[PDB]
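[1] once you've seen the sequence and the experimental structure below, I've got questions.
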Amino acid sequence: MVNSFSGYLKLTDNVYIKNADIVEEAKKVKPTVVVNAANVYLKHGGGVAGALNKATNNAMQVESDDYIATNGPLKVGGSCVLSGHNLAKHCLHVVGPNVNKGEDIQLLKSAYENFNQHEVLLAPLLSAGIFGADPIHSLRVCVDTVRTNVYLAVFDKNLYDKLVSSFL
């Protein structure tokens, strides 16, 4: 079905990419699902998580603290669905491995598998940015793992251009 995502470059049958600030893109589109680059404690301090949480006026963090108090930490490679607040219907909090914590990059595939539970998502590249993985690798795993329709927002223009120009 037609959707309102605009200005994306089509990489494959199901994967699209744009140089965009995921906060602004979520505010404009109000997608059914926005993906957060979460950690196991849902402590949304920085990176994508800090930015999304700030845009919710800390409501995402308040909700997340209750989630953790009830359920305990997520697994690396795991996820949970919480409110999307003012950004989306739902936020899919997905934990990619953090290379700066020594976590196994193979868990990146498991992390992306969570996307297949949703027909359409707005998402960042998992484990990129402050999580320390190579974004080119993250994009490859995304394309080779996600079968549902995923609209990727890449914050940095230089990285966006490199991701497009190196894509196989």
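    Structure's in. What do you need? Residues are numbered from 1 along each chain as shown.
[2] in stretch 36-48, what counts as buried?
    36, 37, 38, 39, 40, 42, 44, 47, 48 (16 or more other Cβ atoms under 10 Å). Where you see a C-beta, it was placed from the backbone N, CA and C, and this is true even at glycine.
[3] extract the CA atoms of that stretch and return them as PDB.
    Extracted C-alpha coordinates of stretch 36-48, given in PDB (Å, rounded to 0.1, in the frame of the first residue of the first chain):
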ATOM      1  CA  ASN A  36      14.500   3.100  19.300                       C
ATOM      2  CA  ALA A  37      18.200   2.200  19.600                       C
ATOM      3  CA  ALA A  38      17.700   1.000  23.200                       C
ATOM      4  CA  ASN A  39      19.900  -0.500  25.800                       C
ATOM      5  CA  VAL A  40      18.900  -3.400  28.100                       C
ATOM      6  CA  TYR A  41      18.000  -1.000  31.000                       C
ATOM      7  CA  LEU A  42      15.900   1.400  28.700                       C
ATOM      8  CA  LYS A  43      18.100   4.200  30.000                       C
ATOM      9  CA  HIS A  44      17.600   6.700  27.100                       C
ATOM     10  CA  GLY A  45      20.700   8.900  27.700                       C
ATOM     11  CA  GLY A  46      22.200   9.700  24.400                       C
ATOM     12  CA  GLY A  47      22.300   8.800  20.700                       C
ATOM     13  CA  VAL A  48      18.900   8.000  19.100                       C
END
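[4] thinking again about what came up before, next step: the buried residues of stretch 36-48 restricted to strands.
    In strands, judged by DSSP state E, the following of the buried residues of stretch 36-48 are found: 36, 37.
[5] widest-spaced pair of the buried residues of stretch 36-48?
    Farthest apart among the buried residues of stretch 36-48 by Cβ to Cβ are 40 and 48. That separation is 15.3 Å.
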